[PDB]
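Order of the sequence lines sets the chain letters (A, B, ...), proteins ahead of strands, with each chain counted from 1. Hydrogens, waters and symmetry mates play no part in the numbers below; they use all other heavy atoms, side chains included.
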Amino acid sequence: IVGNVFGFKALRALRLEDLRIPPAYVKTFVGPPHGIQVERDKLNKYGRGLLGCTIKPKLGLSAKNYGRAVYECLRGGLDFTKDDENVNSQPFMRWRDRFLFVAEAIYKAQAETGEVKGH
Amino acid sequence: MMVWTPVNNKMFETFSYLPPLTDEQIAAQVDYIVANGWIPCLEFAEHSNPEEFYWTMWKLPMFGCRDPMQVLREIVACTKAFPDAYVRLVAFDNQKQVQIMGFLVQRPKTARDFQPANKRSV
Amino acid sequence: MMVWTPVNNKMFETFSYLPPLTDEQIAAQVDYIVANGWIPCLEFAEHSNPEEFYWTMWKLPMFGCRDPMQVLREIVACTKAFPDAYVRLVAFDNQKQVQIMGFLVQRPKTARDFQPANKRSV
Amino acid sequence: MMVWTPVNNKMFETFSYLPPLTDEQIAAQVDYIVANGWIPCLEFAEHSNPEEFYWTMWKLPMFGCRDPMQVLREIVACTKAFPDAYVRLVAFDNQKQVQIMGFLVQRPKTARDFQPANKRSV
Amino acid sequence: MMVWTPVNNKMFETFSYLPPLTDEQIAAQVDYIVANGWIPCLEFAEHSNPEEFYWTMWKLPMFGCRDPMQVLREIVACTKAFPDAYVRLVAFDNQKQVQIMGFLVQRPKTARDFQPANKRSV
Ligand SMILES: [Mg+2]
């Protein structure tokens, strides 16, 4: 649908505005791993919007400081924190180091608040 | 700068960060359930842990209930039968098939694991 | 031959094997932080377990602080708010991005899980 | 609508949902064992947990026993030696090689983790 | 038929099924160590669990000791320093590099988790 046609000399501009995905095609997709209802059931969270927070600065924090910031955020009443989109694995913070410190922070904040936490 | 206390500061999901709900405030939430056609239900437990998904149902969900006074009377009856339990009011939406609201209406009196609002920071 | 006791002989990392720090000794450590341009910070906890990485931050790290008296005053304020807590003074180096010092400035009074210096061996 | 209580409402397998067994009711169960030629045996334990498969055997299974009075006397002797224990009477079928009956004949008196029949619902 | 009790009947390996060892009996075991050229050693602990491999060494193994009186004096010294501990006498063979003997010489007085010899069966 968008592979080649946007580059045709015969047109000056092209924008795809909408697609009608028919049920017969929708049914061929696994789709979302859980979806809204299942997610709320899995988190045991109802009756309000969920609250989250991207850790900052975007880049430049160590794994230990990442987990530090995460714990302090979650313990105050956020349901979630998150890696910044561009936080993957980098010289200033390797991913597995982060994962481990973050898991400690989630567990500590969950135990302190009595509410289910994630990051 | 006030410091948020990590000591005996447990929370219990929706509305826990607000002042304790008055009778009028609970009644206003019940009116909300009724105005939206949702199914009221009461649940209770001896203990509340974040890891524990299910509590015990009080009787059955109040299917077809459109009378807020009925809901309030079941709150009274539930808390009377379990005066030391956590008790929450919840409501279900059968179209989305999910719980659409929920909050605590009773905690155990022997509980000292949470703070009054003005003692949450030091 | 004296025998190092295994009984109620818990330690708490840096300086735990020395005599308890006097006010003058704590002040000297704070001078060290300031002389080196490190970031002072206070942390506290109800319990201290070797498996537990994070404690709770007292306020925020004291960025730009070059005044030892200010650090000492926060020690007083932290311990006043949490008189039964473990409280430690730490300092951060933002160039290496790592904690560069740290030691206990308070332990719970109800704690009997550690020995005085002259009771460590029998 | 009565609500089945989740609180201190532990059960102990066969016959626990009935009124407590009278002496005459226990005797009738023993007669059933004897009439069917099964092997009576007594077992006991300090605690009863659903995860715990084995209890402690009282003596040996009563092989060749065809006398209900003998079985009743062992119940007395077992409960006399262990007056605070859970004690159950079981019977074995050696053809199918399986326990073919079993029920409690004593619980600890210090136990408050179960309800009387009329207090199971509220 | 006597029934072996499951209740508070903990055992502590070699010689625990015999009557408690007299001073003369302990002295005879020490003579055995000396006659065979083995290395006496004392070990102690607050608690004794089957899952726990190591206890704490009292001083050092008594290398070159050929004097039973010396071993007996170290028993006295160890038990004086830790009057509430489990204490065992062991002996090492350095040729096979293995502990070749070992038995309790002291249990805590507060311990009620074991039976006197005549109370082991009922
Ligand atoms: Mg982002």
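For A/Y107, the OH atom is loosely surrounded, since the number of other residues' heavy atoms within 6.0 Å does not exceed 12. The neighbour count for C/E13 CD, taken as heavy atoms of other residues, nucleotides or ligands under 6.0 Å away, does not exceed 12.
Among residue pairs with one or both ends in residues 32-46 of chain C, those qualifying as salt bridge (charged side-chain N to carboxylate O under 4.0 Å, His left out) are A/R68-C/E43, C/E43-C/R88; sequence neighbours excluded.
In this structure, the ring-ring contact (aromatic ring centres under 6.0 Å, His included) partners of E/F15, at least two apart in sequence or on a different chain, are E/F103. Partners of A/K56 by salt bridge (charged side-chain N to carboxylate O under 4.0 Å, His left out), not counting sequence neighbours, listed by chain and number: A/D84. Scored by the salt bridge (charged side-chain N to carboxylate O under 4.0 Å, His left out) test, A/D79 finds A/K45, A/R48 as partners (sequence neighbours excluded). For A/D97, the side-chain contact (heavy atoms from CB on, under 4.5 Å) partners at least two apart in sequence or on another chain are A/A63, A/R94.
A heavy-atom distance below 4.5 Å is found between the side chains of A/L74 and A/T81. Contact annotation: the side chain of E/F92 never approaches that of E/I100 to less than 4.5 Å [non-hydrogen atoms, C-beta and beyond]. At a threshold of 4.5 Å between non-hydrogen side-chain atoms, the residues C/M62 and C/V71 count as touching. Looking at heavy atoms from C-beta onward, A/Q110 lies in side-chain contact with A/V116 at the 4.5 angstrom threshold. At a threshold of 4.5 Å between non-hydrogen side-chain atoms, the residues C/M101 and C/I33 count as touching. Taking 4.5 Å as the limit, every side-chain heavy atom of E/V34 sits out of range of all side-chain heavy atoms of E/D67. E/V87 is listed as a side-chain neighbour of E/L42, based on a closest heavy-atom distance under 4.5 Å. Side chains of E/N36 and E/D93 form no contact here, defined as non-hydrogen atoms less than 4.5 Å apart.
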Which pairs of donor and acceptor atoms, one on a side chain in residues 49-60 of chain D, lie under 3.5 Å apart (sequence neighbours left out)?
| from | atom 1 | to | atom 2 | distance (Å) |
| --- | --- | --- | --- | --- |
| D/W58 | NE1 | D/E74 | OE1 | 2.9 |
| D/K59 | NZ | D/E74 | OE1 | 3.2 |

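Here the shortest heavy-atom pairing between A/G67 and A/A105 reads O-CB, 3.2 Å. Contact detail for C/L18 and C/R120: the closest heavy-atom pair is O-NH2, 4.0 Å. Nearest heavy atoms, E/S121 versus E/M2: OG-CE, 3.5 Å. Nearest heavy-atom pair, E/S48 versus E/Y86, reported as atom, atom and distance to 0.1 Å: N-CE1, 3.6 Å. Counting all heavy atoms, side chain and backbone alike, C/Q97 lies closest to A/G60 at OE1-O, 2.8 Å. Looking at every heavy atom in both residues, B/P6 comes nearest to A/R75 through N-NH1, 3.8 Å.
Neither side chain, E/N8 nor E/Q115, offers a donor N or O lying under 3.5 Å from an acceptor on the other.
D/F82 and D/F44 have parallel rings, their planes meeting at less than 30° on a 0 to 90° scale where 60° marks the start of perpendicular.
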Stepwise side chain to side chain contact (heavy atoms under 4.5 Å, CB included) test for A/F80 and A/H119: CA-CA 5 Å; A/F80 298 124; A/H119 175 281; over 6 Å; no

One pair to check against side chain to side chain contact (heavy atoms under 4.5 Å, CB included): A/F92 and A/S62. What are the steps and the verdict? CA-CA 6 Å; A/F92 59 85; A/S62 70; over 6 Å; no

Dump the intermediate steps for side chain to side chain contact (heavy atoms under 4.5 Å, CB included) on A/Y66 and A/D83, then the final yes or no. CA-CA 9 Å; A/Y66 224 77; A/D83 293 354; 3.4 Å; yes

Please evaluate residues A/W95 and A/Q90 with respect to the criterion side chain to side chain contact (heavy atoms under 4.5 Å, CB included), reporting the C-alpha separation (whole Å), side-chain torsions for both, the decisive distance (0.1 Å), and the verdict. CA-CA 8 Å; A/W95 71 269; A/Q90 281 112 318; over 6 Å; no

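Separating the NZ atom in C/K96 from the CD atom in C/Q99 is a distance of 12.5 Å, to the nearest 0.5 Å. Rounding to the nearest 0.5 angstrom, the gap separating the OG1 atom in A/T113 from the CG atom in A/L78 is 10.5 Å. Note that the CD1 atom of E/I75 and the CZ atom of E/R73 stand 11.5 Å from one another [nearest 0.5 Å]. Here A/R98 contributes atom CZ and A/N65 contributes atom CG; the two are 13.5 Å apart, rounded to the nearest 0.5 Å. To the nearest 0.5 angstrom, E/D113 atom CG is 5.0 Å from E/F12 atom CZ. Taken to the nearest 0.5 Å, the CD1 atom of C/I26 stands 11.0 Å off from the CD atom of C/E24.
Panel note: side chain C/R107, backbone C/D84; no donor-acceptor pair is recorded below 3.5 Å. With hydrogens and angles disregarded, no donor-acceptor distance shorter than 3.5 Å links the side chain of A/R96 to the backbone of A/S89. Listed for the E/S16 side chain is no donor-acceptor partner under 3.5 Å among the backbone atoms of E/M11.
Remark: E/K10 fails to qualify as a cation-pi partner of E/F114 under the 6.0 Å distance and 45° angle criteria applied to the six-membered ring.
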